[PDB]
Structures are given as C-alpha cells and as structure tokens.
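**Student:** Just so it is clear, I am handing over final-v8.txt, which has compact mmCIF, C-alpha atoms and all ligand atoms.
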# COMPACT_ATOMS: atom_id res chain seq x y z
CA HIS A 4 125.06 116.74 112.53
CA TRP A 5 127.56 115.62 115.14
CA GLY A 6 131.05 117.03 115.22
CA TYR A 7 133.67 118.32 117.61
CA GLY A 8 132.43 121.87 118.24
CA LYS A 9 130.89 123.44 121.31
CA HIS A 10 127.31 122.73 120.21
CA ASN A 11 127.70 119.33 118.50
CA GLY A 12 130.80 117.78 120.10
CA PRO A 13 131.39 114.71 122.27
CA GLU A 14 129.39 116.05 125.21
CA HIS A 15 126.30 116.18 122.94
CA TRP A 16 126.65 112.83 121.18
CA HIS A 17 124.64 110.82 123.74
CA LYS A 18 121.44 112.57 122.64
CA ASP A 19 121.54 110.90 119.22
CA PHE A 20 123.64 107.90 120.30
CA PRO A 21 122.63 106.97 123.86
CA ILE A 22 125.26 104.21 123.97
CA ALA A 23 127.71 107.11 124.46
CA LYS A 24 127.06 106.54 128.19
CA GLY A 25 127.41 102.77 127.88
CA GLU A 26 129.48 100.21 129.73
CA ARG A 27 132.35 99.77 127.23
CA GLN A 28 132.98 103.16 125.63
CA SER A 29 136.24 104.35 124.09
CA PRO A 30 138.72 105.88 124.30
CA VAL A 31 140.00 105.44 127.88
CA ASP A 32 142.98 106.53 129.90
CA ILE A 33 145.50 103.70 130.09
CA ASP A 34 146.85 103.66 133.62
CA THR A 35 150.10 101.80 133.01
CA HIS A 36 150.56 100.81 136.64
CA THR A 37 147.07 99.22 136.83
CA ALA A 38 147.16 97.42 133.47
CA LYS A 39 147.99 93.79 134.21
CA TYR A 40 150.61 91.89 132.28
CA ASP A 41 148.83 88.89 130.78
CA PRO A 42 151.36 86.18 129.82
CA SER A 43 148.59 84.30 128.00
CA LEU A 44 148.38 87.10 125.42
CA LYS A 45 149.95 86.17 122.10
CA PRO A 46 152.08 88.39 119.96
CA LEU A 47 150.14 90.49 117.48
CA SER A 48 150.21 89.18 113.91
CA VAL A 49 150.13 92.11 111.47
CA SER A 50 150.15 90.78 107.88
CA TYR A 51 150.06 93.86 105.63
CA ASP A 52 152.29 92.62 102.78
CA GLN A 53 149.39 92.30 100.31
CA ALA A 54 147.46 95.43 101.34
CA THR A 55 145.66 97.20 98.48
CA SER A 56 144.89 100.83 99.26
CA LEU A 57 142.15 102.36 97.15
CA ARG A 58 141.25 105.95 98.01
CA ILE A 59 141.86 108.77 100.47
CA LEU A 60 138.82 110.72 101.64
CA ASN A 61 137.91 113.72 103.81
CA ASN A 62 134.71 112.68 105.57
CA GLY A 63 134.20 115.85 107.62
CA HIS A 64 135.53 114.27 110.82
CA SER A 65 138.94 112.91 109.74
CA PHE A 66 140.69 111.79 106.60
CA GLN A 67 140.75 108.09 105.86
CA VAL A 68 142.66 105.78 103.56
CA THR A 69 140.49 102.88 102.44
CA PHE A 70 141.61 99.40 101.46
CA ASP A 71 140.19 96.54 99.44
CA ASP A 72 138.63 94.32 102.11
CA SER A 73 136.99 91.82 99.73
CA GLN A 74 139.78 89.28 100.38
CA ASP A 75 142.23 88.38 103.16
CA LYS A 76 144.94 90.74 101.90
CA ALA A 77 145.93 92.85 104.92
CA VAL A 78 144.87 91.06 108.09
CA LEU A 79 145.32 91.31 111.85
CA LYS A 80 145.29 88.17 113.98
CA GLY A 81 146.73 86.83 117.19
CA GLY A 82 147.18 89.05 120.19
CA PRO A 83 143.88 89.02 122.09
CA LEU A 84 141.93 88.15 118.93
CA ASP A 85 140.18 84.96 117.91
CA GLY A 86 140.07 84.69 114.15
CA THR A 87 141.05 86.91 111.27
CA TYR A 88 140.35 90.64 110.93
CA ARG A 89 140.56 92.41 107.56
CA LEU A 90 141.97 95.92 107.29
CA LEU A 91 139.33 98.28 105.92
CA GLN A 92 140.67 101.78 106.54
CA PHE A 93 142.94 103.93 108.62
CA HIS A 94 142.44 107.48 109.81
CA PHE A 95 143.84 109.85 112.42
CA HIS A 96 142.74 112.05 115.30
CA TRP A 97 144.85 115.12 116.07
CA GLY A 98 144.99 118.38 117.96
CA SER A 99 145.29 122.09 117.38
CA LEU A 100 148.59 121.96 119.32
CA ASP A 101 151.06 119.16 119.96
CA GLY A 102 149.92 118.64 123.55
CA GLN A 103 146.54 117.19 122.58
CA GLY A 104 145.06 115.13 119.79
CA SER A 105 145.18 111.52 120.88
CA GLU A 106 142.02 109.75 122.00
CA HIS A 107 143.57 107.24 124.34
CA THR A 108 145.86 108.69 126.96
CA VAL A 109 148.69 107.02 128.88
CA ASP A 110 148.85 107.96 132.55
CA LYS A 111 146.78 110.98 131.44
CA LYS A 112 149.39 111.99 128.84
CA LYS A 113 147.91 113.13 125.52
CA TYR A 114 149.88 112.62 122.34
CA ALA A 115 149.77 114.96 119.35
CA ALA A 116 147.76 112.47 117.30
CA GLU A 117 146.52 108.91 117.15
CA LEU A 118 146.37 106.58 114.15
CA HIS A 119 143.60 103.99 113.99
CA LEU A 120 143.85 101.00 111.69
CA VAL A 121 140.32 99.58 111.57
CA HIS A 122 139.81 95.86 110.93
CA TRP A 123 136.69 93.68 110.93
CA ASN A 124 136.16 90.04 111.86
CA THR A 125 135.75 87.92 108.73
CA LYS A 127 133.37 85.55 110.50
CA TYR A 128 130.71 88.28 110.18
CA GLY A 129 131.17 88.69 106.43
CA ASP A 130 130.97 92.48 106.15
CA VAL A 131 131.80 95.46 108.33
CA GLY A 132 128.17 96.50 108.79
CA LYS A 133 127.37 93.13 110.33
CA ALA A 134 130.59 93.21 112.34
CA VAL A 135 129.66 96.53 113.96
CA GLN A 136 126.63 94.80 115.51
CA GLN A 137 128.83 92.24 117.30
CA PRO A 138 130.81 92.62 120.54
CA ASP A 139 133.89 91.14 118.83
CA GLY A 140 133.20 92.56 115.39
CA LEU A 141 136.09 95.01 114.98
CA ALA A 142 139.71 95.27 116.04
CA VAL A 143 141.25 98.74 115.97
CA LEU A 144 145.02 99.01 116.18
CA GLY A 145 145.83 102.36 117.80
CA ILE A 146 149.22 104.03 117.41
CA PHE A 147 150.28 107.24 119.13
CA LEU A 148 152.07 110.02 117.26
CA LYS A 149 154.55 112.33 118.98
CA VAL A 150 156.23 115.28 117.29
CA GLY A 151 159.94 115.04 116.57
CA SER A 152 161.61 113.38 113.61
CA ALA A 153 159.61 112.84 110.43
CA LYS A 154 157.99 109.50 109.65
CA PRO A 155 159.03 108.84 106.02
CA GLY A 156 156.21 106.35 105.45
CA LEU A 157 153.63 109.03 106.30
CA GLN A 158 154.85 111.55 103.71
CA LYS A 159 152.85 110.14 100.80
CA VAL A 160 149.70 110.66 102.87
CA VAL A 161 150.65 114.19 103.93
CA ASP A 162 151.47 115.28 100.39
CA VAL A 163 147.98 114.47 99.05
CA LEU A 164 145.99 116.22 101.80
CA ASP A 165 145.85 119.48 99.82
CA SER A 166 143.66 117.64 97.29
CA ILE A 167 141.06 116.63 99.92
CA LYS A 168 140.88 119.84 101.95
CA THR A 169 137.13 119.91 102.55
CA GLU A 170 134.45 117.42 103.50
CA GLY A 171 133.37 115.23 100.61
CA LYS A 172 136.65 115.33 98.66
CA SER A 173 138.47 112.10 97.75
CA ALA A 174 141.39 110.99 95.58
CA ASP A 175 142.97 107.86 94.19
CA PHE A 176 145.44 106.56 96.74
CA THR A 177 146.81 103.27 95.45
CA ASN A 178 149.98 101.41 96.41
CA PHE A 179 150.23 102.87 99.90
CA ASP A 180 152.00 100.51 102.29
CA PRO A 181 150.68 100.89 105.87
CA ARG A 182 153.68 98.99 107.22
CA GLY A 183 155.52 102.31 106.98
CA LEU A 184 153.32 103.69 109.78
CA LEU A 185 154.20 101.06 112.40
CA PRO A 186 156.68 101.47 115.28
CA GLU A 187 159.38 98.89 115.98
CA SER A 188 157.63 97.19 118.88
CA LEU A 189 154.25 95.49 118.80
CA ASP A 190 153.96 95.56 122.60
CA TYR A 191 150.38 96.56 123.32
CA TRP A 192 147.56 97.17 125.75
CA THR A 193 144.14 95.70 125.03
CA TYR A 194 140.62 96.18 126.36
CA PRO A 195 137.01 95.83 125.12
CA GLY A 196 135.61 99.11 123.85
CA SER A 197 133.72 101.01 121.21
CA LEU A 198 133.96 103.12 118.12
CA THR A 199 135.07 106.58 119.15
CA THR A 200 132.83 108.35 116.63
CA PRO A 201 129.08 107.91 116.16
CA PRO A 202 127.43 105.50 116.24
CA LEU A 203 129.82 104.64 119.13
CA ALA A 204 128.96 100.94 118.73
CA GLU A 205 130.40 98.64 121.40
CA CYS A 206 132.03 96.33 118.90
CA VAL A 207 135.73 96.86 119.26
CA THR A 208 138.67 94.99 120.65
CA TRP A 209 141.15 97.81 121.16
CA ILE A 210 144.85 97.08 120.65
CA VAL A 211 146.90 100.15 121.56
CA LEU A 212 150.63 100.03 120.88
CA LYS A 213 152.94 101.18 123.66
CA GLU A 214 155.58 102.61 121.32
CA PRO A 215 154.57 105.85 119.57
CA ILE A 216 155.77 106.81 116.15
CA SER A 217 157.47 110.16 115.66
CA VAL A 218 156.18 112.53 112.98
CA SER A 219 157.52 115.96 112.17
CA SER A 220 155.94 119.30 112.95
CA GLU A 221 155.58 119.85 109.19
CA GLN A 222 153.69 116.58 108.80
CA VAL A 223 151.20 117.31 111.57
CA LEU A 224 150.82 120.93 110.44
CA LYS A 225 149.47 119.53 107.16
CA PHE A 226 146.82 117.57 109.07
CA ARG A 227 145.77 120.87 110.65
CA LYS A 228 145.15 122.56 107.28
CA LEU A 229 142.25 120.23 106.52
CA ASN A 230 138.73 121.58 106.97
CA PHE A 231 135.73 120.15 108.78
CA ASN A 232 133.50 122.16 106.43
CA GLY A 233 132.62 121.49 102.84
CA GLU A 234 133.84 123.76 100.07
CA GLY A 235 131.97 127.05 100.03
CA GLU A 236 131.10 126.93 103.74
CA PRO A 237 132.87 129.00 106.42
CA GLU A 238 136.35 127.54 106.88
CA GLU A 239 136.71 125.60 110.13
CA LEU A 240 140.07 123.91 110.54
CA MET A 241 139.86 120.15 111.10
CA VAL A 242 141.67 120.11 114.44
CA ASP A 243 140.81 118.59 117.81
CA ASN A 244 138.81 115.78 116.22
CA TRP A 245 139.31 113.56 119.27
CA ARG A 246 136.88 112.18 121.81
CA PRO A 247 138.12 112.51 125.42
CA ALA A 248 138.74 109.51 127.65
CA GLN A 249 135.55 107.82 128.88
CA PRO A 250 134.85 105.96 132.14
CA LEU A 251 136.60 102.60 132.36
CA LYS A 252 133.67 101.13 134.37
CA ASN A 253 133.86 97.32 134.72
CA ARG A 254 136.88 96.76 132.49
CA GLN A 255 140.47 95.62 132.84
CA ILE A 256 143.23 96.77 130.52
CA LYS A 257 145.72 93.99 129.83
CA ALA A 258 149.35 94.47 128.79
CA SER A 259 151.18 92.13 126.44
CA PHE A 260 154.51 93.05 128.06
CA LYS A 261 156.12 93.37 131.48
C1 LIG B 1 133.86 101.53 108.42
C2 LIG B 1 133.23 102.06 109.70
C3 LIG B 1 132.27 101.05 110.34
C4 LIG B 1 134.23 102.51 110.73
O1 LIG B 1 135.36 102.20 110.75
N1 LIG B 1 133.70 103.36 111.73
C5 LIG B 1 134.53 103.80 112.79
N2 LIG B 1 133.89 104.60 113.71
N3 LIG B 1 134.91 104.94 114.82
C6 LIG B 1 136.08 104.28 114.46
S1 LIG B 1 137.45 104.50 115.56
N4 LIG B 1 137.74 106.16 115.69
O2 LIG B 1 137.08 103.92 116.85
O3 LIG B 1 138.56 103.75 114.95
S2 LIG B 1 136.03 103.46 113.13
ZN ZN B 2 139.50 106.71 115.13
Once more with this new file: its structure as structure tokens, please.
Ligand SMILES: CC(C)C(=O)Nc1nnc(S(N)(=O)=O)s1
Ligand SMILES: [Zn+2]
**Tutor:**
Amino acid sequence: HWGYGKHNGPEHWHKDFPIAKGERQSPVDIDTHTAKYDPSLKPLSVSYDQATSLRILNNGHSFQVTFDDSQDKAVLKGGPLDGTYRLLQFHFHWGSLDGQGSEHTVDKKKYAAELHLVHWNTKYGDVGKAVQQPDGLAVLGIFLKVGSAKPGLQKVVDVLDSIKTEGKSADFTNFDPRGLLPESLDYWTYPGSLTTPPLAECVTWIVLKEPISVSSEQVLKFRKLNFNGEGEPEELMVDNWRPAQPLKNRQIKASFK
C-alpha cells in the first residue's frame, strides 16, 4: 500500500497512479512574486455556521474530521468557484520537525503543517462523482506555524490519543471549524489535484495567505499518532506530506495585491 516511507512514498506513487506525473498535480510552490493579482476574483464565502461534524478517524495517512454533507450546511462559494461546495472533511499534513510538514510552499518556505478543508461541488451530487470532474472539489488550504496555541484546535488535539493507530475512530460532534480559520481570507488559487492517491485532477485549490499559529504542544500531539495499525511495529505518523510538484502550464492567481 502507498504511504510516505522510503519504499512506498510519493516518489513511488506514479506506479499505481500514473496521473502522479500529470499536468495539474498538487501541491506546488507558490512563488508570490509570480502569482498575478486578479481583481476579477471575488471574496471567498465560507459559510460554516451550520456545520455538523460527525466523527474523527485515523486512516493511516492522516487524521480526518468528517461532516454531514447530505445538505448545504457548511458550504464554500465565491472566490474562484462557480456554484456551491459542501464541506465533507478536514485533515492535516505535518512534519517530524517544525521546518517541514506543509504540502504547498510559499517562496519555497515550508510550514510546520497544513490544514485541508475538503469540499465537493453539489452539481455532481456526491463526492465520488465530483472526483471525476475537473471542477469537482475545492480544497481550502491553511498553513500552520508554531508559536501561540490555536484555542479552536484544542478539542481536536485532545481526542487524538483515542485514535492513535490506523483504523481507529471516535464520535466528534459539535466541532466548529470556524475556530481553525485565520483573520484574513486573502488567498492564492490554481487548478490542481488531490495530494494523496488517487491524485485525481479534480481540485480548485484555495490556499490562504495568512497562516494560523498553533503551539508546540498541539503539533507534538499530531506527531504521536501512528501510521501503523494496533499490534504492528510503531511508526510515528509524521512527514505525511507530498512535496511540491511541477507547475507546468498553470498560473497561480492572487486575490490580493
Ligand atoms: C473524500 C475523499 C474523496 C477525499 O477527500 N480525498 C482526498 N484525497 N487528497 C485530498 S487533499 N490532501 O488534496 O486535500 S482529499
Ligand atoms: Zn490533504
């Protein structure tokens, strides 16, 4: 199975998922001086007031919080998007040390972690259909740097001990993802892909310029998770990030000057 190790990591994924070498792969380095301000871009509309979180799960490659996506409860619209995108789940990518962990980079800078809020276009009816469409998904990416704690992240951090190994899940109701968002919704956007297999080229990426700060204690709890299932040799879930991929024939647009 694919993973992040020497023998099954990102450099191997193309063998099972040949689109890994495709024309719109993610993540990418965001060269801030080359991204063009696009005044036609609209402000992002993040409507999370009615979000219904359901469960938190260790899937062997990250941990994810899943939401009820059977109704327009927590939706993303505006920005570069046409139509309405329902929040399905969020998860993180992080490093073994604070100097790596993000998937996107900014002028080659790596952040300690990156949060992905994954949404799918309601015109396609379900996420499985959406993944087969070039505009099927919108992933809101938020960088994490280490400094002050993020209070809205603590409820997530405190339950991670109950999902240490692959396959574990827990009830995770009444979590408000608005507590994970930075002040500014200034963003970069570009057409890309899922960053884990199957690497489908179905995503409009919306990457916020402003990171959130999390504390060393919060990220250290991420690093206690395990890639392995219970009973297997313990392998810390760290460095679950795909490196930046070739930009190829793509322009990154900025919502801000
Ligand atoms: C629910 C399912 C289709 C899903 O969300 N799959 C993802 N695969 N990579 C993602 S990422 N790291 O680009 O946000 S999301
Ligand atoms: Zn992700």
**Student:** Using only C-alpha atoms for the distances, tell me which of A:258, A:167, A:251, A:31 is nearest to residue 199 (chain A).
**Tutor:** A:31
**Student:** Which is closest to residue 127 (chain A) among A:93, A:88, A:176, A:40, if we use only C-alpha atoms?
**Tutor:**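 Result for the nearest residue to residue 127 (chain A): A:88.
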**Student:** Please determine an axis-aligned box that encloses all atoms of region 75-90 of chain A listed in the file, with 3 Å added on each side, and express its centre and edge lengths in Å to one decimal as lines of an AutoDock Vina configuration file.
**Tutor:**
center_x = 143.6
center_y = 90.3
center_z = 112.0
size_x = 13.1
size_y = 17.2
size_z = 26.2
**Student:** At what distance in Å, to one decimal, does CA of residue 10 (chain A) lie from CA of residue 143 (chain A)?
**Tutor:**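 Those two atoms sit 28.1 Å apart.
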**Student:** Which is closest to residue 98 (chain A) among A:180, A:148, A:219, A:122, if we use only C-alpha atoms?
**Tutor:** A:148
**Student:** State, in Å with one decimal place, the distance from CA of residue 71 (chain A) to CA of residue 91 (chain A).
**Tutor:**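 Taking CA of residue 71 (chain A) as the start and CA of residue 91 (chain A) as the end point, the length is 6.8 Å.
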**Student:** Can you spit out region 10-58 of chain A with N, CA and C atoms, as a CSV table (one decimal), in the first residue's frame, from the structure just given?
**Tutor:**
chain,number,residue,atom,x,y,z
A,10,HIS,N,10.1,3.2,0.7
A,10,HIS,CA,9.7,2.2,-0.4
A,10,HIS,C,8.3,2.4,-0.9
A,11,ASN,N,7.5,3.2,-0.3
A,11,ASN,CA,6.1,3.4,-0.8
A,11,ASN,C,5.7,4.8,-0.8
A,12,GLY,N,6.6,5.8,-0.7
A,12,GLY,CA,6.3,7.2,-0.6
A,12,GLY,C,6.0,7.9,-1.9
A,13,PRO,N,5.9,9.2,-1.9
A,13,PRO,CA,5.5,10.0,-3.1
A,13,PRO,C,6.2,9.7,-4.3
A,14,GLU,N,7.5,9.3,-4.3
A,14,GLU,CA,8.3,9.0,-5.4
A,14,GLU,C,7.9,7.7,-6.1
A,15,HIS,N,7.1,6.9,-5.4
A,15,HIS,CA,6.6,5.6,-5.9
A,15,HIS,C,5.2,5.6,-6.4
A,16,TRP,N,4.5,6.7,-6.1
A,16,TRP,CA,3.0,6.7,-6.3
A,16,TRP,C,2.6,6.5,-7.7
A,17,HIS,N,3.4,7.1,-8.6
A,17,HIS,CA,3.1,7.1,-10.1
A,17,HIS,C,2.9,5.7,-10.6
A,18,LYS,N,3.5,4.7,-10.0
A,18,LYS,CA,3.4,3.3,-10.5
A,18,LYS,C,2.0,2.8,-10.4
A,19,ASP,N,1.3,3.1,-9.3
A,19,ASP,CA,-0.1,2.7,-9.2
A,19,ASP,C,-1.0,3.8,-9.6
A,20,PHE,N,-0.6,5.0,-9.6
A,20,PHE,CA,-1.4,6.2,-10.0
A,20,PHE,C,-0.7,7.0,-11.0
A,21,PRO,N,-0.7,6.6,-12.3
A,21,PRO,CA,0.2,7.3,-13.3
A,21,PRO,C,-0.1,8.8,-13.4
A,22,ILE,N,-1.3,9.2,-13.0
A,22,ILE,CA,-1.6,10.7,-13.1
A,22,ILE,C,-0.7,11.5,-12.2
A,23,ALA,N,0.1,10.8,-11.3
A,23,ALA,CA,1.1,11.5,-10.4
A,23,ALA,C,2.0,12.4,-11.2
A,24,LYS,N,2.2,12.0,-12.5
A,24,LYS,CA,3.1,12.8,-13.4
A,24,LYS,C,2.3,13.6,-14.4
A,25,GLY,N,1.0,14.0,-14.0
A,25,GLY,CA,0.1,14.7,-14.9
A,25,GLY,C,0.4,16.2,-15.0
A,26,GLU,N,-0.5,16.8,-15.6
A,26,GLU,CA,-0.4,18.2,-16.0
A,26,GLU,C,-0.9,19.2,-14.9
A,27,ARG,N,-1.6,18.7,-13.9
A,27,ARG,CA,-2.2,19.6,-12.9
A,27,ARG,C,-2.1,19.0,-11.5
A,28,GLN,N,-0.9,18.6,-11.1
A,28,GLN,CA,-0.7,17.9,-9.9
A,28,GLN,C,-0.4,18.9,-8.7
A,29,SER,N,-0.8,18.5,-7.5
A,29,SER,CA,-0.6,19.3,-6.3
A,29,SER,C,0.2,18.5,-5.3
A,30,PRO,N,0.8,19.2,-4.3
A,30,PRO,CA,0.9,20.6,-4.2
A,30,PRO,C,1.9,21.3,-5.1
A,31,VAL,N,2.0,22.6,-5.0
A,31,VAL,CA,3.0,23.3,-5.8
A,31,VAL,C,3.7,24.3,-4.9
A,32,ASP,N,4.8,24.8,-5.3
A,32,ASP,CA,5.4,26.0,-4.7
A,32,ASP,C,4.7,27.2,-5.2
A,33,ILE,N,4.3,28.1,-4.3
A,33,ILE,CA,3.6,29.3,-4.6
A,33,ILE,C,4.7,30.4,-4.6
A,34,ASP,N,5.1,30.8,-5.8
A,34,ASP,CA,6.0,31.9,-6.0
A,34,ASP,C,5.3,33.2,-5.9
A,35,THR,N,5.4,33.9,-4.8
A,35,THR,CA,4.5,35.1,-4.5
A,35,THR,C,4.7,36.2,-5.5
A,36,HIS,N,5.9,36.3,-6.0
A,36,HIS,CA,6.2,37.4,-6.9
A,36,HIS,C,5.7,37.1,-8.3
A,37,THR,N,5.5,35.8,-8.7
A,37,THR,CA,4.9,35.5,-10.0
A,37,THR,C,3.4,35.3,-10.0
A,38,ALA,N,2.8,35.0,-8.8
A,38,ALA,CA,1.4,34.9,-8.8
A,38,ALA,C,0.8,36.3,-9.2
A,39,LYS,N,-0.2,36.3,-10.0
A,39,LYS,CA,-0.8,37.6,-10.5
A,39,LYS,C,-2.0,37.9,-9.7
A,40,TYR,N,-2.0,39.2,-9.2
A,40,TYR,CA,-3.3,39.7,-8.6
A,40,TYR,C,-4.4,39.7,-9.7
A,41,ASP,N,-5.5,39.1,-9.4
A,41,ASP,CA,-6.6,39.0,-10.3
A,41,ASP,C,-7.8,39.8,-9.7
A,42,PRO,N,-8.0,41.1,-10.1
A,42,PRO,CA,-9.1,41.8,-9.5
A,42,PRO,C,-10.5,41.3,-9.8
A,43,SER,N,-10.6,40.4,-10.8
A,43,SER,CA,-11.9,39.8,-11.0
A,43,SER,C,-12.3,38.7,-10.0
A,44,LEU,N,-11.3,38.3,-9.2
A,44,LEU,CA,-11.6,37.2,-8.2
A,44,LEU,C,-12.5,37.8,-7.1
A,45,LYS,N,-13.5,37.1,-6.7
A,45,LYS,CA,-14.4,37.5,-5.6
A,45,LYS,C,-13.9,37.1,-4.3
A,46,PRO,N,-14.4,37.7,-3.2
A,46,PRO,CA,-14.0,37.3,-1.9
A,46,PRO,C,-14.5,35.9,-1.7
A,47,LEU,N,-13.8,35.1,-0.9
A,47,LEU,CA,-14.3,33.7,-0.6
A,47,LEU,C,-15.5,33.8,0.4
A,48,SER,N,-16.5,33.0,0.1
A,48,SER,CA,-17.6,32.9,1.0
A,48,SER,C,-17.5,31.6,1.8
A,49,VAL,N,-17.2,31.6,3.1
A,49,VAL,CA,-17.1,30.5,3.9
A,49,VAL,C,-18.3,30.5,4.9
A,50,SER,N,-19.2,29.6,4.7
A,50,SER,CA,-20.5,29.6,5.5
A,50,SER,C,-20.5,28.3,6.3
A,51,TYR,N,-19.9,28.3,7.5
A,51,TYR,CA,-19.7,27.2,8.3
A,51,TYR,C,-20.6,27.2,9.5
A,52,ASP,N,-21.5,28.1,9.6
A,52,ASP,CA,-22.4,28.3,10.8
A,52,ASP,C,-23.1,27.0,11.2
A,53,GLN,N,-23.6,26.3,10.2
A,53,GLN,CA,-24.5,25.1,10.4
A,53,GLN,C,-23.7,23.8,10.3
A,54,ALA,N,-22.4,23.8,10.3
A,54,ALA,CA,-21.6,22.6,10.1
A,54,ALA,C,-22.0,21.6,11.2
A,55,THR,N,-22.1,20.3,10.8
A,55,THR,CA,-22.3,19.2,11.7
A,55,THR,C,-21.2,18.2,11.5
A,56,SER,N,-20.3,18.3,12.5
A,56,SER,CA,-19.2,17.3,12.5
A,56,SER,C,-19.8,15.9,13.0
A,57,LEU,N,-19.2,14.8,12.5
A,57,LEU,CA,-19.7,13.5,12.9
A,57,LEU,C,-18.6,12.7,13.6
A,58,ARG,N,-17.5,12.5,13.0
A,58,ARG,CA,-16.5,11.5,13.6
A,58,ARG,C,-15.1,12.1,13.3
